[PDB]
Each structure stands twice: as C-alpha cells, then as structure tokens.
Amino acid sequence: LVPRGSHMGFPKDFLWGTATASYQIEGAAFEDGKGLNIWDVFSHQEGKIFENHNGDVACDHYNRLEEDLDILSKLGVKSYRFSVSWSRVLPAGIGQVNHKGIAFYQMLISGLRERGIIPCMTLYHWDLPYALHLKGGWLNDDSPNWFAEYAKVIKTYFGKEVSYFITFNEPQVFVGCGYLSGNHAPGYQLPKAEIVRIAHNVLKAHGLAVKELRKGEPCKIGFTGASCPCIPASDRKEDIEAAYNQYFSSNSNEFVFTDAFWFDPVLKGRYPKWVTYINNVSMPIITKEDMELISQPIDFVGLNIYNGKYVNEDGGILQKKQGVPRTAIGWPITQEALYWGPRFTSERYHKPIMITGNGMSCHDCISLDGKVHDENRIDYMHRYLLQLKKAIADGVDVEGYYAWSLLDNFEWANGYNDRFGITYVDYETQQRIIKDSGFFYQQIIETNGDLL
C-alpha cells in the first residue's frame, strides 16, 4: 500500500456508525402479518438457545423505534447500520408484500433522515423466511431468484432514501454455524458438497441482488465478511507474508469460516483453486457465467472484526497468552486485528473497507449509582480504533466504522447472556440506559477520532 502518513488521521467524511440486526432487536415476531423466519422456529426448539431465550420480543425496537432514534441523535452517530426482516416485508419470502412491514422501515428511515443520520441497510442478517426454508432454503437452485425478488422490493420501497446497502452479513457464520456446525438456525450439519452448494447459491444471490440494487437511484453496495485476522509475529517482511498467506488460506477441510473462500468469488470472480478439484458426491457445477454473476462491481468490503489470532514466523497459530485480556463471550482482546485485517484485505482486493461491526461483550450491570459503567468496552474501542487509525495512516482506504451494537440484544445461541451494546437494555422494563462507552463514542465522533 502507499502510506498516507499519520498527520491527517480519520478522513473528513468518515462514517461513524453503530449497528444492529432485525432479529436481535425488533421483537414483534408474530405481529402485523410478519411471516415466520428460521430463527423464530429454531429459537423455540428446546435446548437450541441459552436458557431457551428467543427473539419474540428482544429489545421491542419495533414498538420503541422513536426512543432508539433519539439515542442515535443524542450520541451524534453519523450512520446507522440495520437489517431488514425479509419475513416482515415478504411473509412467504416471495410474492405478496406486507405493507405494515414496509411502513415500519419507512418510519425508521424517515426518522434517520429527520436526524441527519445516514442509513446503511443490510438485506440479509440470517433471518431466512421460514416458507423458503420449507422449499430447501439455500440448497434450492431458485434461492438466488428468491433473494433477487427481495432485493427488488428493497430497491422499490427504500431506494429513494437509502444509498448504502449490504447484501449479506457474515456468510461464514450463517452458512458455517447454520449448516456445518449446526449451532445456528436452521441447525444442520451438512456434507462439504452441500456447504459449497449453499455458498454458491448465496454468492449468485449476492450477484443478482447487486443487479437489482443498481436499478434506479445511485447507491454504494457492500458485502460483509466475518474476519479473524492473522497478526504477524513481527514487522519482518517474511513474518508479514506468512500471516497474509495464512489469512487468505483455505482448503476442502477448512474453508467456510475463511475470508478468501467468500471474497475471492465476490471481488476476483474465482473460488480458491481447491474448489475446482473437489469431486464429492453432489458437488454443484460452477460455471464461468456463475462467476461473472457473483463478481458484480461493488463499492466497499465490509469487515466484522472482534479479534484475530497471533501466528508464528511460519503462519502457524500461537497458543493464547496465559490470562490474555478477554470478553464476556470468551473471545480474546487482540487490538492489532483492526490493523492487519484491514491492511491485508486492502492489499489483496484494493477496495475501500468499512468496519461494519466491532465491539465487545461485557458483564454490564446497573451500578448502585443507576449508571452503566463499561470501562473495559471503552479500553477495547480505544485500542482497536488506534489500530484502525494506524491502518489508515499506512494507506488502507477505510470509509466507516460501526460499533456493534447500539443496543444490548439477542446474541443468537447465547440468548441475552452477552451484552454488546453501547446502550444497556433492562429486559424487564425495556429501559435504555446509555453506557459510559456511548458517551466515550459520542466524544470520538465529535473530534473525528483526533484525540485517540
């Protein structure tokens, strides 16, 4: 990369944001003609979620939109990343539009526009309509067409006021956890060939959705990966190369959670070489035309980075340091992940990057003073943003940063046991309390990160 140098810091137009997802915050799961999604059904199965928690109510954001918009305004957030519930706007996944569903997102988007906040809309954040799951979901040859139909509804209803779209959030997780490990909806443990089939249908769906989102108003379109960057052993050229090679490695026995398996198709129009040689029973047939469809021009690469892994001089994984700083969900704190992830992604693809999710699970409580003190989240955010600022100085084009999350919410198979918010939610009363990290972040945004 060509360095920028450390004097400028974050660019003038930098998108300081916070992020949520529909199922994690909305509730109103069975209201106003909304159709079932796979998380409604999965979360109601005994033993799938921590303490059989579910998203039936979550943060009740469907009913408490105005309060949450006021928090976004109070904290001076420039951009709000949210997902649309596919099943709320298309209860059967295709066909009849639910105008009460559309009306909710119209009220949200109007509220953002009134407050001068830039919407960043994720189309797919894991809540596949249940009607489409019954038709085989992502195993079905027609699943890309279902997604294209949804993307056309999105562009039709929201294309006037929304100029930032992300097709998919973390295919690594919804495919790997949903269909390989089985710990996420719909909870399957499928053979390798079926994981590649699902991946290929998701990637074709992405291509068709990009084509739908290009019809009409100009917009910026991205694709968000879950990334666990390899942090080199030193600044030696050879140690950096070994980390880069490990970061972008994949093979038939370890691919679904990798970066290159998903981003090489999207950005380079090719799978890793090993995909061409797999003969497993029922492998999908991957065509030149498929790869042209998948690799539609997009405007930014989304990275959701929480931590990375330290690698030795040869790219082998080092064991975690004894007593390494960690988070309430168990993950280690590895500040250099928000340097190396963006740097390596920039070097491989030469595309602008948005950090579409970064944050920390903390054991947050309301203290005797009635406040929510989260100094560990402040330290995490401070350390990670210093590393991102260094990546910008070293020539990475970073266009935005979205704190995961605006609200404490439903953390998937961990239920409500993990709190990622800069806003505390008391689920008994639905009270929002802005945490110390919210006010810390407000100050970062006001100063454009100049004082980090």
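Numbering starts at 1 and runs along the sequence shown.
- Comparing the deposited coordinates for 378-386 and 233-241, the stretch with the larger average C-alpha B-factor is 233-241.
- The question of which stretch, 221-229 or 279-287, has the higher mean Cα B factor is settled in favour of 279-287.
- Per the PDB record, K215 has a higher Cα B-factor than any other of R343, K215, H200, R326.
- The residue among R81, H125, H363, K273 whose C-alpha carries the highest B-factor in the deposited model is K273.
- Per-chain ranking of the deposited C-alpha B factor places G17 in the lowest third.
- When the modelled residues of the chain are ordered by C-alpha B-factor, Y402 sits in the lowest third.
- Split the chain's modelled residues into thirds by C-alpha temperature factor. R419 is in the lowest one.
- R115 sits in the highest third of its chain by CA B factor, as recorded in the PDB entry.
- Residue-level temperature factors show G182 in the lowest third of its chain, judged at the C-alpha atom.
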